[PDB]
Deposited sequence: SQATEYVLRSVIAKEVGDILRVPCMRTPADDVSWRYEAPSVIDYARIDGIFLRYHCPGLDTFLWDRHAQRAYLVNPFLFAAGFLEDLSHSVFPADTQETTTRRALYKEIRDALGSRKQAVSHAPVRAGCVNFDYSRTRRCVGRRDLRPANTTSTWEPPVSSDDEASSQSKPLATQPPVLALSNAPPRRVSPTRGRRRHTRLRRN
């Protein structure tokens, strides 16, 4: 039975900065970030890369929604960099390479935090990060499996 790091109510920028550094749950636990159904940049107002936190807490702020989604530091970094590396001009792109080099610099600031833990035992369906109960024929916030 499995868990989520729910979104945070965030009407103002301080509603986010207030939030303390996420502690990492036990190896016991099967948790997952609650991220947006889809990543739309015309719908993201601020990106909080708080790499001073032991867990690289990154927050995605959607102001209209008044939610801040805490997401996978590393895959967000990787993905967002990629999206910036796309050619899609010269000002447009020079700005982009700028923001790129500055993100990449801070990420490498923390490249020693990436896990070395080998992926653990048990059945998978359909994600290592989902639950690992074996289902057969005779068949920090909760989301009991179906």
message = Comparing the deposited sequence against the modelled residues, what ranges come up empty for C-alpha?
response = 1 to 3, 92 to 94, 146 to 176, 184 to 204
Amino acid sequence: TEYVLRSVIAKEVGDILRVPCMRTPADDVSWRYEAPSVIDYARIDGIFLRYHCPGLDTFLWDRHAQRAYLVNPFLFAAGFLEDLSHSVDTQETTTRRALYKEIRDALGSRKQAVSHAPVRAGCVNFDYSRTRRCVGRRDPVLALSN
From here on, numbers count along this sequence of modelled residues.
note = When mean C-alpha B-factors in the record are compared for 21 to 29 and 123 to 131, the larger belongs to 21 to 29
89 to 97 set against 30 to 38, stretch whose average Cα temperature factor tops the other in the entry = 89 to 97
Third of the chain's Cα B-factor distribution that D45 belongs to, per the entry = highest
note = On the chain's distribution of Cα B-factors, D57 falls within the third called lowest
query = By its CA B factor, does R110 count among the lowest, middle or highest third of the modelled residues in the chain?
reply = lowest
